[PDB]
Amino acid sequence: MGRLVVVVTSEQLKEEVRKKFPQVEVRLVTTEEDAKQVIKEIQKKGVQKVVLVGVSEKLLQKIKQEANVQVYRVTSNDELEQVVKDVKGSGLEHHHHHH
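Along each chain, residues carry numbers from 1 upward in sequence order, and these need not match the entry's numbering; residues missing coordinates do not appear. To get the side-chain values, all heavy atoms of the structure are used, and hydrogens and water are removed first.

Method of determination for the deposited model, per the PDB record: solution NMR.

Turning our eyes to something else, we now look at the overall build of the protein. Working definition: helices are DSSP H or I runs of at least four residues, strands are E runs of at least two. Numbering for both runs from the N terminus. Helix and strand content of the protein: 4 helices and 4 strands. Counting helices and strands in the order they occur from the N terminus, the protein gives β-α-β-α-β-α-β-α. Each principal axis of the C-alpha atoms in the protein carries an extent, and together these give about 35 × 25 × 20 Å. Whether two residues are in contact is decided by their heavy atoms, any of which lying within 4.5 Å being enough. Of the contacts made within the protein by residues no fewer than 6 positions apart, 45% connect residues no fewer than 24 positions apart. Accessible surface, the protein as shown: approximately 6,700 Å² in total, 44% of it carbon and sulfur. Between the mean site of the 17 positive side-chain charges and the mean site of the 15 negative ones, the protein shows a separation of 6 Å. Only the protein chains shown count as cover for residues, with accessible areas throughout obtained via the Shrake-Rupley method and a probe of 1.4 Å. Charged residues are defined narrowly, with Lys and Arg counted positive, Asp and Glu counted negative, and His plus the chain ends left uncounted. Each charge is placed at NZ for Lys, CZ for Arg, CG for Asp and CD for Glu.

Attention now goes to the nonpolar core. Working definition of a nonpolar core: buried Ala, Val, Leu, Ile, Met, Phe, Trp, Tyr and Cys residues. They are joined through side-chain atoms within 4.5 Å. Throughout this description, buried means an accessible area under 20% of the type-specific maximum (1.4 Å probe, protein chains only), exposed means over 50%, and partly exposed covers the range between. By size, the foremost hydrophobic cluster in this structure holds 15 residues, and its most contacted members are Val7, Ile42, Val50, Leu52 and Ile63. Elements with a contribution of two residues or more to this core: β1 (4–8), α2 (32–45), β3 (49–53) and α3 (57–67). With residues up to four places along the chain from it excluded, the contact list for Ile42 reads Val47, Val50, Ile63, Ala67 and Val69. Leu4, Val8, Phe21 and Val83 belong to the second-largest nonpolar core, a separate cluster that totals 13 residues.

In this section: α2. Over its 14 residues, α2 runs 20 Å from end to end, which matches the ideal 20 Å to within 8%, given 1.5 Å per residue. Among the residues making up α2, those that are buried are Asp34, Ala35, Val38, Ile39 and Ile42. Angularly, the buried residues of α2 cover 160 degrees about the axis, an arc narrow enough to put them on a single face. Opposite the packed face of α2, turned more than 90 degrees from it, sit the exposed residues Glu33, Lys40 and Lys44. Structurally, α2 contributes buried residues whose contacts are with β1, β2 (25–28), β3 and α3. In the segment just after α2, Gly46 is the residue with positive phi, at about 70 degrees. To estimate how far a helix should extend, the number of its residues minus one is multiplied by 1.5 Å. Here the arc refers to the directions that run from the helix axis out to each C-beta atom.

The next thing to look at is the environment of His97. Looking at the secondary structure, you find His97 in the segment after α4 (77–87). The spatial distance from the C-alpha of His97 to the C-alpha of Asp78 is 8.5 Å, given a sequence separation of 19 residues.

The next point concerns the pairing of β1. Buried residues dominate β1, accounting for 5 of its 5 residues. Of the pairings in the sheet, the one linking β1 to β3 comprises 5 bridges and is parallel in character. When the sheet's bridge partners are listed, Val6 is paired in β3 with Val51. Between any two strands, at least two bridges found by DSSP are needed for them to pair. With 4 bridges joining them, β1 and β2 adopt parallel strand pairing. By the bridge assignment, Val7 is partnered in β2 with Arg27. The path from the first strand over the helix to the second decides the hand: if it runs clockwise while the strands point away from the viewer, the crossover is right-handed. In the classification by handedness, the crossover that spans β1, the intervening helix α1 (residues 11–20) and the parallel β2 is right-handed.

Laid out in structure tokens, this is it:
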């Protein structure tokens, strides 16, 4: 029970998630220096649930172990969409269904 931080490696992914979900906070990682700023950001905000969208595996396991938090490894929009609804019971959107 707390904040959901969506961490992205690309501005295109950031502005996407922020438009779809103004109800979550998003961190941009262009270099590992920003990923370190994420490790700090998490602990200072007290974030238990942290999404890692399109990140490197070295950065995945690194943020995981050092921040000591639940990592949601996202490779598709739909995955992120479900993780947001996990924290946000009363969702303000409609997740698109695929087949």
